[PDB]
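Shown next, in structure tokens, is the structure this report addresses.
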Amino acid sequence: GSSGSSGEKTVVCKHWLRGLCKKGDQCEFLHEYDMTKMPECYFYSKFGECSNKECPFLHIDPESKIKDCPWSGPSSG
Ligand SMILES: [Zn+2]
Ligand SMILES: [Zn+2]
């Protein structure tokens, strides 16, 4: 039924980024800047509108996050 997860380090620590973490390898999140591991643009992910040309966040269209559509897990490129 449930295929979730406690919450791996998939996400990059938000404290370490601004140098506000003293855990390092002990932290519960990733301390490496990855365009994949890091989360998407809360704005483009929520509002779906970001006028940023150099946004350090991921910009995904709200038209590629639908099940029905042919853009699914594998089906999608
Ligand atoms: Zn941390
Ligand atoms: Zn953005």
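The way I read the labels, and the way they are meant: chains A, B, ... in the order of the structure tokens, residue 1 as the first residue of every chain, and ligand 1 as the first ligand shown, with later ones counted on from there.
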For stretch 46-49 of chain A, list every protein, DNA or RNA residue within 9 Å, evaluated using only C-alpha atoms, and leave out those in the same chain fewer than 4 positions away; present the list as a PDB file with C-alpha atoms, in the first residue's frame.
ATOM      1  CA  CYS A  41      11.823  25.709  -7.753  1.00  0.00           C
ATOM      2  CA  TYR A  42       9.134  26.067  -5.087  1.00  0.00           C
ATOM      3  CA  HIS A  59      12.000  24.479 -13.746  1.00  0.00           C
ATOM      4  CA  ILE A  60       9.450  21.812 -14.670  1.00  0.00           C
ATOM      5  CA  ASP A  61       6.319  22.542 -16.702  1.00  0.00           C
ATOM      6  CA  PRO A  62       2.961  21.692 -15.074  1.00  0.00           C
TER       7      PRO A  62
END
- [ ] Could you give me the residues within chain A that DSSP places in helix (DSSP H, G or I), as number ranges by chain?
- [x] A: 14-17, 42-46
Residues at most 9 Å from ligand 2, using only C-alpha atoms and all ligand atoms? Could they come as a CSV table (one decimal) with C-alpha atoms, in the first residue's frame?
chain,number,residue,atom,x,y,z
A,40,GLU,CA,12.8,22.0,-7.7
A,41,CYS,CA,11.8,25.7,-7.8
A,42,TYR,CA,9.1,26.1,-5.1
A,43,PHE,CA,7.8,28.9,-7.3
A,44,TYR,CA,7.7,27.1,-10.6
A,45,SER,CA,6.6,24.0,-8.7
A,48,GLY,CA,4.4,27.5,-12.0
A,49,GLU,CA,5.8,31.0,-12.9
A,50,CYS,CA,9.4,32.1,-12.5
A,51,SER,CA,11.0,35.0,-14.4
A,52,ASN,CA,14.5,33.8,-13.5
A,53,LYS,CA,17.1,33.3,-16.3
A,54,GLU,CA,19.7,31.9,-13.9
A,55,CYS,CA,17.5,30.2,-11.3
A,56,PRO,CA,19.5,27.6,-9.3
A,57,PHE,CA,16.3,25.6,-9.0
A,58,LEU,CA,14.7,23.2,-11.4
A,59,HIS,CA,12.0,24.5,-13.7
Open item on the list: Taking only C-alpha atoms and all ligand atoms into account, which residues have an atom no farther than 6 Å from ligand 1? I'd like them as a PyMOL selection string.
Closed with: chain A and resi 13+15-16+21+23-24+27+29
Open item on the list: Please identify the strand (DSSP E or B) residues within chain A (assignment by DSSP from backbone atoms) and present them as a ChimeraX atom specification.
Closed with: /A:12,30,40,58
Could you turn the residues from that selection into a file that holds N, CA, C and O atoms, as an mmCIF file, in the first residue's frame?
data_model
loop_
_atom_site.group_PDB
_atom_site.id
_atom_site.type_symbol
_atom_site.label_atom_id
_atom_site.label_comp_id
_atom_site.auth_asym_id
_atom_site.auth_seq_id
_atom_site.Cartn_x
_atom_site.Cartn_y
_atom_site.Cartn_z
ATOM 1 N N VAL A 12 19.109 18.269 -0.453
ATOM 2 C CA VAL A 12 20.316 18.910 0.054
ATOM 3 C C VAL A 12 19.996 19.841 1.218
ATOM 4 O O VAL A 12 19.119 20.699 1.118
ATOM 5 N N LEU A 30 21.684 15.873 2.190
ATOM 6 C CA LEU A 30 22.886 15.933 1.366
ATOM 7 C C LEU A 30 23.556 17.299 1.481
ATOM 8 O O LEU A 30 22.887 18.332 1.484
ATOM 9 N N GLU A 40 13.172 21.156 -6.578
ATOM 10 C CA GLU A 40 12.828 22.041 -7.685
ATOM 11 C C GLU A 40 12.456 23.430 -7.177
ATOM 12 O O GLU A 40 12.411 23.670 -5.970
ATOM 13 N N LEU A 58 15.170 23.873 -10.207
ATOM 14 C CA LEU A 58 14.669 23.161 -11.377
ATOM 15 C C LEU A 58 13.347 23.757 -11.851
ATOM 16 O O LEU A 58 12.466 24.059 -11.046
#
TODO: Write out as a ChimeraX atom specification the residues lying within 8 Å of residue A:8, counting only C-alpha atoms and excluding same-chain residues fewer than 3 positions away.
DONE: /A:5,11,28-29
